[PDB]
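For reference, work-v8.cif (mmCIF, C-alpha atoms and all ligand atoms):
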```
data_work
loop_
_atom_site.group_PDB
_atom_site.id
_atom_site.type_symbol
_atom_site.label_atom_id
_atom_site.label_comp_id
_atom_site.auth_asym_id
_atom_site.auth_seq_id
_atom_site.Cartn_x
_atom_site.Cartn_y
_atom_site.Cartn_z
ATOM 1 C CA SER A 1 0.000 0.000 0.000
ATOM 2 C CA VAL A 2 2.856 2.404 -0.780
ATOM 3 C CA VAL A 3 0.849 4.640 -3.102
ATOM 4 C CA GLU A 4 -2.291 4.369 -0.977
ATOM 5 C CA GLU A 5 -0.293 5.468 2.090
ATOM 6 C CA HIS A 6 1.910 8.171 0.562
ATOM 7 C CA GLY A 7 -0.355 9.181 -2.282
ATOM 8 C CA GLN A 8 0.365 12.444 -4.052
ATOM 9 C CA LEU A 9 4.053 13.280 -4.052
ATOM 10 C CA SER A 10 5.370 16.809 -4.204
ATOM 11 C CA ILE A 11 8.447 18.933 -3.584
ATOM 12 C CA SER A 12 8.635 20.938 -0.372
ATOM 13 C CA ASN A 13 11.764 22.955 0.411
ATOM 14 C CA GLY A 14 13.768 20.865 -2.024
ATOM 15 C CA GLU A 15 12.680 17.516 -0.584
ATOM 16 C CA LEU A 16 10.386 14.803 -1.901
ATOM 17 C CA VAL A 17 7.373 14.578 0.414
ATOM 18 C CA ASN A 18 4.108 12.606 0.542
ATOM 19 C CA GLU A 19 0.598 14.121 0.651
ATOM 20 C CA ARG A 20 0.761 14.683 4.461
ATOM 21 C CA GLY A 21 4.095 16.508 4.004
ATOM 22 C CA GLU A 22 6.455 13.852 5.386
ATOM 23 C CA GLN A 23 9.716 13.086 3.588
ATOM 24 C CA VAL A 24 9.621 9.873 1.583
ATOM 25 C CA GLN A 25 12.428 8.019 -0.173
ATOM 26 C CA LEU A 26 11.751 5.777 -3.179
ATOM 27 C CA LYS A 27 14.115 2.862 -3.922
ATOM 28 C CA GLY A 28 13.609 0.549 -6.928
ATOM 29 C CA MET A 29 14.894 -0.789 -10.190
ATOM 30 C CA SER A 30 15.133 0.510 -13.721
ATOM 31 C CA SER A 31 14.543 -1.769 -16.737
ATOM 32 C CA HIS A 32 17.367 -1.882 -19.320
ATOM 33 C CA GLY A 33 16.260 -0.636 -22.801
ATOM 34 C CA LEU A 34 12.717 -1.748 -23.516
ATOM 35 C CA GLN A 35 13.571 -2.455 -27.208
ATOM 36 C CA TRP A 36 16.101 -5.075 -26.033
ATOM 37 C CA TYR A 37 15.053 -6.445 -22.625
ATOM 38 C CA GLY A 38 11.285 -5.713 -22.457
ATOM 39 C CA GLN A 39 10.476 -9.298 -21.449
ATOM 40 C CA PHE A 40 11.634 -8.486 -17.867
ATOM 41 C CA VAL A 41 8.992 -5.735 -17.563
ATOM 42 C CA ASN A 42 5.627 -7.238 -16.665
ATOM 43 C CA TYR A 43 3.192 -7.431 -13.792
ATOM 44 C CA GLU A 44 4.624 -10.664 -12.354
ATOM 45 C CA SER A 45 8.285 -9.574 -12.274
ATOM 46 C CA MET A 46 7.257 -6.163 -10.872
ATOM 47 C CA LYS A 47 5.208 -7.866 -8.184
ATOM 48 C CA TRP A 48 8.183 -10.136 -7.316
ATOM 49 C CA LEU A 49 10.391 -7.016 -7.039
ATOM 50 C CA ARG A 50 7.786 -5.384 -4.831
ATOM 51 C CA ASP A 51 7.238 -8.394 -2.534
ATOM 52 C CA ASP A 52 10.718 -10.015 -2.366
ATOM 53 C CA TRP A 53 13.017 -7.003 -2.875
ATOM 54 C CA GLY A 54 10.680 -4.383 -1.306
ATOM 55 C CA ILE A 55 10.825 -1.925 -4.269
ATOM 56 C CA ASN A 56 8.428 1.044 -4.152
ATOM 57 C CA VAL A 57 9.250 2.509 -7.619
ATOM 58 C CA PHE A 58 9.958 1.014 -11.061
ATOM 59 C CA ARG A 59 11.564 2.907 -13.942
ATOM 60 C CA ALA A 60 10.668 2.064 -17.552
ATOM 61 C CA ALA A 61 13.664 3.066 -19.659
ATOM 62 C CA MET A 62 12.284 3.804 -23.107
ATOM 63 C CA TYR A 63 15.314 4.530 -25.295
ATOM 64 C CA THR A 64 14.456 6.989 -28.073
ATOM 65 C CA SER A 65 17.337 6.104 -30.448
ATOM 66 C CA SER A 66 19.402 2.842 -30.563
ATOM 67 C CA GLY A 67 16.432 0.960 -32.005
ATOM 68 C CA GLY A 68 14.075 2.562 -29.478
ATOM 69 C CA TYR A 69 10.955 4.675 -29.825
ATOM 70 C CA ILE A 70 11.936 6.862 -32.820
ATOM 71 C CA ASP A 71 12.742 3.791 -34.907
ATOM 72 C CA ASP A 72 9.928 1.683 -33.622
ATOM 73 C CA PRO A 73 7.267 3.405 -31.566
ATOM 74 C CA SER A 74 5.604 0.150 -30.537
ATOM 75 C CA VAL A 75 7.808 0.218 -27.391
ATOM 76 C CA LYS A 76 5.541 2.936 -25.954
ATOM 77 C CA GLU A 77 2.966 0.163 -25.301
ATOM 78 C CA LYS A 78 5.511 -1.610 -23.031
ATOM 79 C CA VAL A 79 5.791 1.674 -21.091
ATOM 80 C CA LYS A 80 1.969 1.633 -20.746
ATOM 81 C CA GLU A 81 2.074 -1.992 -19.489
ATOM 82 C CA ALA A 82 4.678 -0.970 -16.857
ATOM 83 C CA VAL A 83 2.576 1.998 -15.713
ATOM 84 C CA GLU A 84 -0.603 -0.152 -15.396
ATOM 85 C CA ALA A 85 1.326 -2.851 -13.484
ATOM 86 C CA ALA A 86 2.606 -0.097 -11.125
ATOM 87 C CA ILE A 87 -0.945 1.180 -10.610
ATOM 88 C CA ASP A 88 -2.159 -2.419 -10.019
ATOM 89 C CA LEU A 89 0.688 -3.100 -7.488
ATOM 90 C CA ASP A 90 0.331 0.294 -5.809
ATOM 91 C CA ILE A 91 3.908 1.479 -6.365
ATOM 92 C CA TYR A 92 5.369 4.506 -8.151
ATOM 93 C CA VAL A 93 6.549 4.401 -11.782
ATOM 94 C CA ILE A 94 8.943 6.617 -13.756
ATOM 95 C CA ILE A 95 8.268 7.116 -17.467
ATOM 96 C CA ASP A 96 11.823 7.753 -18.828
ATOM 97 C CA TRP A 97 12.320 9.303 -22.291
ATOM 98 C CA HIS A 98 15.746 7.667 -22.454
ATOM 99 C CA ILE A 99 17.971 9.845 -24.595
ATOM 100 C CA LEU A 100 21.622 8.873 -24.832
ATOM 101 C CA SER A 101 23.271 8.735 -28.256
ATOM 102 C CA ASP A 102 20.765 11.411 -29.305
ATOM 103 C CA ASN A 103 22.692 13.538 -26.840
ATOM 104 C CA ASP A 104 20.770 16.794 -27.051
ATOM 105 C CA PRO A 105 17.122 16.483 -25.896
ATOM 106 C CA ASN A 106 16.134 18.998 -28.608
ATOM 107 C CA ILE A 107 16.856 16.434 -31.360
ATOM 108 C CA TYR A 108 13.537 14.656 -30.804
ATOM 109 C CA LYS A 109 11.703 17.392 -28.888
ATOM 110 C CA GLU A 110 8.646 17.347 -31.152
ATOM 111 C CA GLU A 111 8.282 13.602 -30.648
ATOM 112 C CA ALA A 112 8.841 13.992 -26.891
ATOM 113 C CA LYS A 113 6.070 16.608 -26.635
ATOM 114 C CA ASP A 114 3.650 14.289 -28.456
ATOM 115 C CA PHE A 115 4.707 11.307 -26.310
ATOM 116 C CA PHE A 116 4.403 13.202 -23.029
ATOM 117 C CA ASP A 117 1.034 14.678 -24.091
ATOM 118 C CA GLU A 118 -0.249 11.127 -24.665
ATOM 119 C CA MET A 119 1.193 9.664 -21.429
ATOM 120 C CA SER A 120 0.024 12.563 -19.287
ATOM 121 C CA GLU A 121 -3.470 12.498 -20.843
ATOM 122 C CA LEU A 122 -3.702 8.723 -20.141
ATOM 123 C CA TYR A 123 -2.273 8.601 -16.643
ATOM 124 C CA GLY A 124 -2.337 12.162 -15.381
ATOM 125 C CA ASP A 125 -5.039 11.484 -12.802
ATOM 126 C CA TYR A 126 -3.001 8.800 -11.049
ATOM 127 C CA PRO A 127 -0.492 9.741 -8.336
ATOM 128 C CA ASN A 128 1.897 6.868 -9.236
ATOM 129 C CA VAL A 129 3.392 8.616 -12.270
ATOM 130 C CA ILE A 130 6.761 10.441 -12.329
ATOM 131 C CA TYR A 131 7.852 11.807 -15.752
ATOM 132 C CA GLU A 132 11.575 11.714 -16.658
ATOM 133 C CA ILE A 133 11.755 13.870 -19.801
ATOM 134 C CA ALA A 134 15.448 13.438 -20.895
ATOM 135 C CA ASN A 135 17.500 10.624 -19.302
ATOM 136 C CA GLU A 136 21.068 11.785 -20.014
ATOM 137 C CA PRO A 137 21.836 14.974 -21.935
ATOM 138 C CA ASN A 138 25.547 14.778 -22.823
ATOM 139 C CA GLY A 139 28.305 16.398 -24.879
ATOM 140 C CA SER A 140 30.175 19.719 -24.531
ATOM 141 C CA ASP A 141 27.677 21.475 -26.823
ATOM 142 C CA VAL A 142 24.660 20.523 -24.671
ATOM 143 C CA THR A 143 24.358 22.874 -21.697
ATOM 144 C CA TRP A 144 21.707 23.466 -19.069
ATOM 145 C CA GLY A 145 21.257 27.082 -19.990
ATOM 146 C CA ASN A 146 21.242 26.797 -23.797
ATOM 147 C CA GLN A 147 19.789 23.342 -24.482
ATOM 148 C CA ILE A 148 18.326 21.507 -21.496
ATOM 149 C CA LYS A 149 16.416 24.206 -19.646
ATOM 150 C CA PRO A 150 14.685 25.502 -22.815
ATOM 151 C CA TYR A 151 13.826 21.926 -23.804
ATOM 152 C CA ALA A 152 12.219 21.406 -20.377
ATOM 153 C CA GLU A 153 10.376 24.732 -20.773
ATOM 154 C CA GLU A 154 8.706 23.345 -23.899
ATOM 155 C CA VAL A 155 7.945 19.838 -22.581
ATOM 156 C CA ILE A 156 6.742 20.712 -19.047
ATOM 157 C CA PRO A 157 3.808 22.902 -20.227
ATOM 158 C CA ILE A 158 2.577 19.976 -22.382
ATOM 159 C CA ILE A 159 2.591 17.719 -19.324
ATOM 160 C CA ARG A 160 1.151 20.358 -17.038
ATOM 161 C CA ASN A 161 -1.848 20.952 -19.308
ATOM 162 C CA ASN A 162 -2.996 17.400 -18.428
ATOM 163 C CA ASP A 163 -1.285 16.730 -15.070
ATOM 164 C CA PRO A 164 -0.750 19.824 -12.964
ATOM 165 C CA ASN A 165 1.599 18.487 -10.333
ATOM 166 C CA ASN A 166 2.946 14.942 -10.542
ATOM 167 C CA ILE A 167 6.746 15.039 -10.220
ATOM 168 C CA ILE A 168 8.875 15.754 -13.296
ATOM 169 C CA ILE A 169 12.590 14.703 -13.243
ATOM 170 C CA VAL A 170 14.767 16.743 -15.646
ATOM 171 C CA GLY A 171 18.159 15.454 -16.816
ATOM 172 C CA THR A 172 21.318 17.527 -16.369
ATOM 173 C CA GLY A 173 24.496 18.041 -18.350
ATOM 174 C CA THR A 174 27.397 15.642 -18.778
ATOM 175 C CA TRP A 175 25.267 12.497 -18.556
ATOM 176 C CA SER A 176 23.086 13.905 -15.750
ATOM 177 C CA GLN A 177 26.000 14.760 -13.491
ATOM 178 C CA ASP A 178 26.013 18.558 -13.789
ATOM 179 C CA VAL A 179 23.536 19.357 -11.032
ATOM 180 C CA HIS A 180 25.635 22.391 -10.053
ATOM 181 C CA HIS A 181 24.667 24.445 -13.114
ATOM 182 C CA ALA A 182 21.035 23.321 -12.929
ATOM 183 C CA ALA A 183 20.832 24.284 -9.261
ATOM 184 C CA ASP A 184 22.113 27.783 -9.986
ATOM 185 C CA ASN A 185 19.464 28.293 -12.736
ATOM 186 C CA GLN A 186 16.433 26.333 -11.646
ATOM 187 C CA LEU A 187 13.163 25.796 -13.511
ATOM 188 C CA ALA A 188 10.048 27.576 -12.265
ATOM 189 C CA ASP A 189 7.796 24.496 -11.830
ATOM 190 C CA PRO A 190 7.522 23.739 -8.110
ATOM 191 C CA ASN A 191 7.328 19.945 -8.579
ATOM 192 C CA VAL A 192 10.518 19.434 -10.547
ATOM 193 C CA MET A 193 13.586 17.441 -9.521
ATOM 194 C CA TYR A 194 16.976 17.318 -11.288
ATOM 195 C CA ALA A 195 18.477 13.971 -12.252
ATOM 196 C CA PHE A 196 21.838 12.934 -10.810
ATOM 197 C CA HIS A 197 23.404 9.671 -12.049
ATOM 198 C CA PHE A 198 26.545 7.840 -10.816
ATOM 199 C CA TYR A 199 28.477 4.602 -11.340
ATOM 200 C CA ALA A 200 30.380 3.083 -8.403
ATOM 201 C CA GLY A 201 33.399 2.401 -10.650
ATOM 202 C CA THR A 202 34.110 6.155 -10.464
ATOM 203 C CA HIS A 203 35.701 7.569 -7.282
ATOM 204 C CA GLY A 204 32.762 9.668 -6.052
ATOM 205 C CA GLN A 205 33.870 12.038 -3.284
ATOM 206 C CA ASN A 206 33.649 15.248 -5.360
ATOM 207 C CA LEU A 207 30.422 14.070 -7.009
ATOM 208 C CA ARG A 208 28.841 13.718 -3.536
ATOM 209 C CA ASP A 209 30.060 17.229 -2.674
ATOM 210 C CA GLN A 210 28.439 18.510 -5.887
ATOM 211 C CA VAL A 211 25.098 16.893 -5.026
ATOM 212 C CA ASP A 212 25.399 18.629 -1.610
ATOM 213 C CA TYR A 213 26.030 21.995 -3.345
ATOM 214 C CA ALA A 214 22.848 21.550 -5.428
ATOM 215 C CA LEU A 215 20.769 20.519 -2.428
ATOM 216 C CA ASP A 216 22.101 23.650 -0.656
ATOM 217 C CA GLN A 217 20.599 25.796 -3.445
ATOM 218 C CA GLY A 218 17.197 24.278 -2.699
ATOM 219 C CA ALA A 219 17.143 22.037 -5.804
ATOM 220 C CA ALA A 220 15.536 18.616 -5.335
ATOM 221 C CA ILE A 221 17.564 15.719 -6.719
ATOM 222 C CA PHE A 222 16.368 12.279 -7.833
ATOM 223 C CA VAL A 223 19.114 9.633 -8.486
ATOM 224 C CA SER A 224 17.074 8.152 -11.335
ATOM 225 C CA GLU A 225 19.834 5.820 -12.526
ATOM 226 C CA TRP A 226 22.943 4.479 -10.808
ATOM 227 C CA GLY A 227 24.996 1.301 -11.179
ATOM 228 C CA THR A 228 27.447 -0.786 -9.207
ATOM 229 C CA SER A 229 29.739 -0.948 -12.283
ATOM 230 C CA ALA A 230 31.986 1.443 -14.194
ATOM 231 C CA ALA A 231 30.321 4.180 -16.305
ATOM 232 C CA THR A 232 29.982 1.868 -19.359
ATOM 233 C CA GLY A 233 27.588 -0.353 -17.374
ATOM 234 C CA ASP A 234 30.251 -3.124 -17.165
ATOM 235 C CA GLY A 235 33.914 -3.424 -16.062
ATOM 236 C CA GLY A 236 33.523 -5.038 -12.660
ATOM 237 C CA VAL A 237 31.368 -4.479 -9.576
ATOM 238 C CA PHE A 238 32.468 -1.880 -7.024
ATOM 239 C CA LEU A 239 30.563 -2.569 -3.860
ATOM 240 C CA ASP A 240 32.640 -0.580 -1.396
ATOM 241 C CA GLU A 241 32.034 2.677 -3.300
ATOM 242 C CA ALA A 242 28.425 1.590 -3.909
ATOM 243 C CA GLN A 243 27.824 1.345 -0.182
ATOM 244 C CA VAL A 244 29.309 4.799 0.386
ATOM 245 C CA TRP A 245 26.796 6.180 -2.134
ATOM 246 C CA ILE A 246 23.960 4.167 -0.583
ATOM 247 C CA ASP A 247 24.750 5.650 2.840
ATOM 248 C CA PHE A 248 25.072 9.149 1.336
ATOM 249 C CA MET A 249 21.653 8.867 -0.336
ATOM 250 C CA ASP A 250 20.019 7.711 2.926
ATOM 251 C CA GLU A 251 21.576 10.658 4.836
ATOM 252 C CA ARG A 252 20.292 13.131 2.236
ATOM 253 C CA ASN A 253 16.938 11.415 1.679
ATOM 254 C CA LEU A 254 17.613 10.806 -1.979
ATOM 255 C CA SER A 255 15.318 8.527 -3.959
ATOM 256 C CA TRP A 256 16.912 6.162 -6.468
ATOM 257 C CA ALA A 257 16.517 3.548 -9.188
ATOM 258 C CA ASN A 258 19.295 1.032 -9.938
ATOM 259 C CA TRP A 259 20.479 0.148 -13.476
ATOM 260 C CA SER A 260 19.387 -2.402 -14.442
ATOM 261 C CA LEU A 261 16.920 -5.315 -14.534
ATOM 262 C CA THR A 262 18.233 -7.637 -17.244
ATOM 263 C CA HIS A 263 20.285 -10.801 -17.713
ATOM 264 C CA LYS A 264 22.844 -9.198 -20.107
ATOM 265 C CA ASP A 265 26.418 -10.280 -19.374
ATOM 266 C CA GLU A 266 27.587 -6.930 -17.964
ATOM 267 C CA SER A 267 28.457 -6.139 -14.339
ATOM 268 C CA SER A 268 25.611 -3.679 -13.756
ATOM 269 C CA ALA A 269 22.940 -6.248 -14.757
ATOM 270 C CA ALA A 270 20.961 -7.503 -11.790
ATOM 271 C CA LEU A 271 20.168 -11.027 -13.088
ATOM 272 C CA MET A 272 22.122 -14.048 -14.342
ATOM 273 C CA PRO A 273 21.463 -15.572 -17.788
ATOM 274 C CA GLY A 274 18.858 -18.119 -16.630
ATOM 275 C CA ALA A 275 16.649 -15.762 -14.618
ATOM 276 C CA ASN A 276 12.949 -16.150 -15.296
ATOM 277 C CA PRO A 277 11.507 -13.004 -16.916
ATOM 278 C CA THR A 278 8.457 -13.293 -14.683
ATOM 279 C CA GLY A 279 10.241 -13.253 -11.277
ATOM 280 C CA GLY A 280 10.813 -15.743 -8.469
ATOM 281 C CA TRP A 281 14.653 -15.681 -8.718
ATOM 282 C CA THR A 282 16.793 -17.809 -6.396
ATOM 283 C CA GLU A 283 20.080 -16.491 -5.062
ATOM 284 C CA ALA A 284 21.877 -18.212 -7.968
ATOM 285 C CA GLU A 285 19.822 -16.262 -10.452
ATOM 286 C CA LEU A 286 20.923 -12.842 -9.199
ATOM 287 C CA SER A 287 24.345 -11.455 -10.206
ATOM 288 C CA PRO A 288 26.726 -9.972 -7.646
ATOM 289 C CA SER A 289 25.163 -6.587 -8.484
ATOM 290 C CA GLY A 290 21.576 -7.866 -8.130
ATOM 291 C CA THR A 291 22.199 -9.553 -4.759
ATOM 292 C CA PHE A 292 23.687 -6.335 -3.339
ATOM 293 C CA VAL A 293 20.890 -4.111 -4.678
ATOM 294 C CA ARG A 294 18.214 -6.477 -3.363
ATOM 295 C CA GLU A 295 19.856 -6.508 0.082
ATOM 296 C CA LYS A 296 19.997 -2.673 0.124
ATOM 297 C CA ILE A 297 16.284 -2.359 -0.618
ATOM 298 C CA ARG A 298 15.264 -5.153 1.789
ATOM 299 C CA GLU A 299 17.344 -3.481 4.551
ATOM 300 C CA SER A 300 15.444 -0.280 3.905
HETATM 301 O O1 LIG B 401 22.643 -5.392 -25.256
HETATM 302 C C1 LIG B 401 21.714 -4.376 -25.598
HETATM 303 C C2 LIG B 401 22.485 -3.196 -26.138
HETATM 304 O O2 LIG B 401 23.233 -2.669 -25.009
HETATM 305 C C3 LIG B 401 24.056 -1.542 -25.394
HETATM 306 O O3 LIG B 401 24.806 -1.105 -24.285
HETATM 307 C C4 LIG B 401 24.168 -0.471 -23.166
HETATM 308 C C5 LIG B 401 24.636 -1.129 -21.856
HETATM 309 O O4 LIG B 401 24.259 -2.486 -21.848
HETATM 310 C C6 LIG B 401 23.867 -0.375 -20.736
HETATM 311 O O5 LIG B 401 24.278 -0.912 -19.482
HETATM 312 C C7 LIG B 401 24.264 1.077 -20.781
HETATM 313 O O6 LIG B 401 23.659 1.913 -19.852
HETATM 314 O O7 LIG B 401 23.954 1.608 -22.070
HETATM 315 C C8 LIG B 401 24.601 0.961 -23.189
HETATM 316 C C9 LIG B 401 24.305 1.748 -24.418
HETATM 317 O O8 LIG B 401 22.941 1.735 -24.748
HETATM 318 C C10 LIG B 401 25.059 -1.971 -26.454
HETATM 319 O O9 LIG B 401 25.883 -0.862 -26.801
HETATM 320 C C11 LIG B 401 24.330 -2.470 -27.694
HETATM 321 O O10 LIG B 401 25.265 -2.892 -28.668
HETATM 322 C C12 LIG B 401 23.428 -3.632 -27.237
HETATM 323 O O11 LIG B 401 22.700 -4.189 -28.347
#
```
Written as structure tokens, that's how I'd like the structure from this file.
Ligand SMILES: OC[C@H]1O[C@@H](O[C@H]2[C@H](O)[C@@H](O)[C@H](O)O[C@@H]2CO)[C@H](O)[C@@H](O)[C@@H]1O
Amino acid sequence: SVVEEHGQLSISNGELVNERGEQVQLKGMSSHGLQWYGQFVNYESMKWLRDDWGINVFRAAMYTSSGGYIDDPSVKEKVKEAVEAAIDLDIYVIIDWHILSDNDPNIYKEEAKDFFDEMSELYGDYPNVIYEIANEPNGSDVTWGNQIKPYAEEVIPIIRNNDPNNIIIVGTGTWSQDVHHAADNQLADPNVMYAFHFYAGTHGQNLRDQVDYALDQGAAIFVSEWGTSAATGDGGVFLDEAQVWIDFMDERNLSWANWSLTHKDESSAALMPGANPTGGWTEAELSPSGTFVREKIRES
């Protein structure tokens, strides 16, 4: 009864709070690209995550390029199945317009406005929904001030015409790491959060200090994607640094979604090759990364 208990989420003094104004922290899993690993995104696996792992949020990563939504828009229906499962299971769900190789969110901004108009018209009167309008803006030529903020100032109005106040997570520069610039030039919408993403393979002490700077400017931050691996999503599992970040996020009340729920042979993947796509995994069917993440959320 997560969503029944906490209900409508909002931002109050830079913190995520429930409908009675108490701080809440979401912890869950992100899918990998829905064009590649969509079989792991269904009501049964989401229910297993909710009951066995204790997740209270699920992120549907809908890549736009890389064979995603622009090339084949049928993947939007998998997003709709994830949202409906989340509503049926009473947990939160992030709709992620997963840009990456299409590094500037303006590339497919017309398509994004149509997509977000449709999703917000369909689900805008449910409190489960959290919109993530541009996963990871990246490149030297993509800045908060010139590219990202103006993109958000075109997409947010579309959402807000149908859904006045569900949370909107906006990506930041340099693969959603540059929360410092966003926090110094914040968006006007009161229920916006800035995305901050990390990989435990990277030494993170300055990155934690930068999140603290942003929080100190009153910006709300959602860690909408993080992994236990290096920044490529592979290259080993780094659990000592992962735990430091876990503890940091609990001290700051940061919500998070781990990357990712798939059986791909890469360190960040949560499942081993024989894991059933509908849930029920044994210990042997979780990777080193998946076992750690599951323990962190169960401990919560
Ligand atoms: O295997 C599917 C698809 O994955 C691509 O790599 C992913 C990586 O698995 C993920 O952890 C990371 O966040 O993003 C990259 C890039 O999308 C891989 O490059 C493709 O060749 C592959 O088909």
Close residues, residue 276 of chain A itself excluded, 9 Å, all atoms listed in the file, min 3 positions apart in chain, as a PyMOL selection string: chain A and resi 40+45+273+279-281+285
Any chance you could work out the residue set of the PyMOL selection byres (((chain A and resi 217) around 12) and not hetatm) here, as an NGL selection string? :A and (13-15 or 179-186 or 210-216 or 218-221)
Output the neighbourhood of ligand LIG 401 (chain B) as an mmCIF file with C-alpha atoms, keeping the file's coordinate frame, that is, all protein and nucleic acid residues with some atom at most 8 Å from the ligand, counting all atoms listed in the file.
```
data_model
loop_
_atom_site.group_PDB
_atom_site.id
_atom_site.type_symbol
_atom_site.label_atom_id
_atom_site.label_comp_id
_atom_site.auth_asym_id
_atom_site.auth_seq_id
_atom_site.Cartn_x
_atom_site.Cartn_y
_atom_site.Cartn_z
ATOM 1 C CA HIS A 32 17.367 -1.882 -19.320
ATOM 2 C CA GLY A 33 16.260 -0.636 -22.801
ATOM 3 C CA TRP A 36 16.101 -5.075 -26.033
ATOM 4 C CA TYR A 37 15.053 -6.445 -22.625
ATOM 5 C CA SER A 66 19.402 2.842 -30.563
ATOM 6 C CA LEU A 100 21.622 8.873 -24.832
ATOM 7 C CA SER A 101 23.271 8.735 -28.256
ATOM 8 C CA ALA A 231 30.321 4.180 -16.305
ATOM 9 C CA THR A 232 29.982 1.868 -19.359
ATOM 10 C CA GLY A 233 27.588 -0.353 -17.374
ATOM 11 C CA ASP A 234 30.251 -3.124 -17.165
ATOM 12 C CA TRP A 259 20.479 0.148 -13.476
ATOM 13 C CA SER A 260 19.387 -2.402 -14.442
ATOM 14 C CA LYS A 264 22.844 -9.198 -20.107
ATOM 15 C CA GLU A 266 27.587 -6.930 -17.964
ATOM 16 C CA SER A 268 25.611 -3.679 -13.756
ATOM 17 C CA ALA A 269 22.940 -6.248 -14.757
#
```
Across A:175, A:63, A:131, A:292, the smallest distance to residue 119 of chain A, with all atoms listed in the file counted, is shown by A:131
How many Å separate atom CA of residue 239 of chain A from atom CA of residue 282 of chain A? 20.7 Å
So which residues fall inside 12 Å of (19.4, -16.3, -5.5) if we count only C-alpha atoms? Mind giving them as a ChimeraX atom specification? /A:52-53,270-272,274-276,279-292,294-295
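Going from atom CA of residue 89 of chain A over to atom CA of residue 47 of chain A, you cover 6.6 Å.
Atom CA of residue 250 of chain A lies 17.6 Å from atom CA of residue 206 of chain A.
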Please write as a ChimeraX atom specification the full residue list that the PyMOL selection byres (((chain A and resi 240-242) around 10) and not hetatm) yields on this file. /A:198-205,226-229,237-239,243-248,289,292-293
Quick one: residues within 9 Å of residue 128 of chain A, all atoms listed in the file counted, chain neighbours fewer than 4 positions away excluded, as a PDB file with C-alpha atoms, in the frame of the given file?
```pdb
ATOM      1  CA  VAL A   3       0.849   4.640  -3.102  1.00  0.00           C
ATOM      2  CA  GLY A   7      -0.355   9.181  -2.282  1.00  0.00           C
ATOM      3  CA  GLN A   8       0.365  12.444  -4.052  1.00  0.00           C
ATOM      4  CA  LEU A   9       4.053  13.280  -4.052  1.00  0.00           C
ATOM      5  CA  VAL A  57       9.250   2.509  -7.619  1.00  0.00           C
ATOM      6  CA  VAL A  83       2.576   1.998 -15.713  1.00  0.00           C
ATOM      7  CA  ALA A  86       2.606  -0.097 -11.125  1.00  0.00           C
ATOM      8  CA  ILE A  87      -0.945   1.180 -10.610  1.00  0.00           C
ATOM      9  CA  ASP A  90       0.331   0.294  -5.809  1.00  0.00           C
ATOM     10  CA  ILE A  91       3.908   1.479  -6.365  1.00  0.00           C
ATOM     11  CA  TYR A  92       5.369   4.506  -8.151  1.00  0.00           C
ATOM     12  CA  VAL A  93       6.549   4.401 -11.782  1.00  0.00           C
ATOM     13  CA  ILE A  94       8.943   6.617 -13.756  1.00  0.00           C
ATOM     14  CA  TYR A 123      -2.273   8.601 -16.643  1.00  0.00           C
ATOM     15  CA  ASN A 166       2.946  14.942 -10.542  1.00  0.00           C
TER      16      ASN A 166
END
```
Expected residue set, 10 Å radius at (9.0, 19.0, -0.1), only C-alpha atoms, as a tab-separated table (two decimals) with C-alpha atoms, keeping the file's coordinate frame:
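Just written: selection_36.tsv:
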```tsv
chain	number	residue	atom	x	y	z
A	9	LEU	CA	4.05	13.28	-4.05
A	10	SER	CA	5.37	16.81	-4.20
A	11	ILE	CA	8.45	18.93	-3.58
A	12	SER	CA	8.64	20.94	-0.37
A	13	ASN	CA	11.76	22.96	0.41
A	14	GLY	CA	13.77	20.86	-2.02
A	15	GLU	CA	12.68	17.52	-0.58
A	16	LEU	CA	10.39	14.80	-1.90
A	17	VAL	CA	7.37	14.58	0.41
A	18	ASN	CA	4.11	12.61	0.54
A	19	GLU	CA	0.60	14.12	0.65
A	21	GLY	CA	4.10	16.51	4.00
A	22	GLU	CA	6.46	13.85	5.39
A	23	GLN	CA	9.72	13.09	3.59
A	24	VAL	CA	9.62	9.87	1.58
A	190	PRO	CA	7.52	23.74	-8.11
A	191	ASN	CA	7.33	19.94	-8.58
A	220	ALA	CA	15.54	18.62	-5.34
```
Which residues, named as in the file, does the PyMOL selection byres (((chain A and resi 58) around 10) and not hetatm) pick out? Answer as an MDAnalysis selection string. chainID A and resid 26:31 41 46 49:50 55:57 59:61 82:83 85:86 91:95 256:258
Selection: 9 Å around residue 62 of chain A, only C-alpha atoms, excl. self and same-chain fewer than 6 positions, as a PyMOL selection string: chain A and resi 31-35+68-69+75-76+78-79+95-99
Smallest atom-to-atom distance to residue 39 of chain A: which of A:299, A:163, A:81, A:154, using only C-alpha atoms? A:81
Let me make sure I understand: among A:51, A:114, A:195, A:150, which one has the smallest atom-to-atom distance to residue 169 of chain A if we use all atoms listed in the file?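 Checking each candidate against residue 169 of chain A, we get A:195 as the closest.
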For residue 117 of chain A, list every protein, DNA or RNA residue within 10 Å, evaluated using only C-alpha atoms, and leave out those in the same chain fewer than 6 positions away; present the list as a list in words.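 So, after excluding close chain neighbours, the residues are residues 111, 124, 155, 156, 157, 158, 159, 160, 161, 162 and 163 of chain A.
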Which residue is closest to residue 230 of chain A? Choose from A:177, A:65, A:267, A:300 and count all atoms listed in the file.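 Under the stated criterion, the closest residue is A:267.
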